[PDB]
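An overview of the molecular structure
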Amino acid sequence: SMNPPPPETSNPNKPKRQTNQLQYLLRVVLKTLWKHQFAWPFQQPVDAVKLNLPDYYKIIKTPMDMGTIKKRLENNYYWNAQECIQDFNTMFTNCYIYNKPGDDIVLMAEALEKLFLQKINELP
Ligand SMILES: CCOc1cc(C2CCN(C)CC2)ccc1Nc1ncc2c(n1)N(Cc1cc(C)cs1)[C@H](CC)C(=O)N2C
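Residues numbered from 1 in each chain as written, not as in the entry; some residues may be left out. Heavy atoms only, no water.

**Things to note about the nonpolar core**
With 29 residues, the main nonpolar core has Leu-25, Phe-42 and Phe-88 as its most contacted residues. Sorting the residues of this core by element identifies α1 (20-34), α4 (66-74), α5 (81-98) and α6 (104-120) as the ones contributing at least two each. For this core, the element with the most residues is α6, which contributes 8 residues. Core analysis: the next-biggest nonpolar cluster, separate from the first, contains 5 residues, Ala-48, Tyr-57, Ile-60 and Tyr-98 among them. (Core = buried A, V, L, I, M, F, W, Y, C linked by side-chain atoms within 4.5 Å. Buried < 20%, exposed > 50% of the residue type's maximum accessible area, 1.4 Å probe, protein only. Helix = DSSP H or I, 4+ residues; strand = E, 2+ residues; numbered from the N terminus.)

Okay, structure coming up:
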């Protein structure tokens, strides 16, 4: 079908804090995943029109990507680190839901998820 609008990334009416955890999530976790060889499918929303996948947004009702997560962190959209961790987990899980066990794109998300969990292990 049409793509939906991307997820909201900025709400100037949401109260804002800096934490060590939110700082680590942007400066370490997002940055490390971004630069990974396997990041590029996850750096922007799924453009299902360009990809010719009419069923993508029939299956995926909670879309998420690292581009949105980067903007959410930069815009202090998250109050609790867990909100950001949940967006990363939504992104990975969306990939496992839409795709099939052993698919190249699933193995890519699995490796990103493993790196995620290694970085989250050291959340301050
Ligand atoms: C046909 C071209 O497709 C893409 C182009 C770009 C460009 C990368 C560089 N930037 C600057 C522009 C977009 C980024 C991503 C894609 N494709 C893409 N994005 C997300 C997903 C995706 N495909 N695919 C398809 C596949 C990918 C691979 C490696 C195997 S199968 C699946 C299904 C939607 C997926 O889950 N994701 C997140």
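**Some thoughts on the site of the ligand**
The local shell around the ligand holds 14 residues, among which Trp-40, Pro-41, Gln-44, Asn-99 and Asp-104 are the closest. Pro-41 places a polar main-chain atom, nitrogen or oxygen, 3.4 Å from a nitrogen atom of the ligand. Within the side chain of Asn-99, one N or O atom sits 2.9 Å away from an oxygen atom of the ligand. For the ligand, whose free accessible area comes to 790 Å², the fraction covered by protein is 57%. If you list the elements that add at least two residues to the shell around the ligand, you get α5 and α6. (Near = heavy atom within 4 Å. Polar contact = N/O pair within 3.5 Å; in protein donor to acceptor, adjacent residues only side chain to side chain. Areas by Shrake-Rupley, 256 points an atom, 1.4 Å probe, with all protein chains shown as cover.)

**Things to note about the environment of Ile-105**
Considering the arrangement of structural elements, one finds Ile-105 in helix α6. Excluding its chain neighbours within four sequence positions, the residues that come into contact with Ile-105 are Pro-41, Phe-42, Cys-95 and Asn-99. (Contact = heavy atoms within 4.5 Å.)

**Digging into the packing of α1 against α4**
Two elements in contact, α1 and α4, have axes whose closest approach is 10 Å; the angle formed by their N-to-C orientations is 155°. Comparing the axis directions of α1 and α4 gives the class roughly antiparallel. In this structure, the crossing between α1 and α4 has a hand that is left-handed. Note on element contacts: α4 touches α1 through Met-66, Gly-67, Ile-69, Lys-70, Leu-73 and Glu-74, opposite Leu-22, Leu-25, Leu-26, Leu-30, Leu-33 and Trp-34. Taken together, the residues that form the contact of α1 with α4 break down as 9 nonpolar, 1 polar and 2 charged. (Axes fitted to C-alpha atoms, helices over the stretch in contact; angles between N-to-C directions. Parallel < 35°, antiparallel > 145°, perpendicular 65-115°, else oblique. Left-handed = near helix turned anticlockwise from the far one by under 90°. Nonpolar A, V, L, I, M, F, W, Y, C, P; charged D, E, K, R; others polar.)

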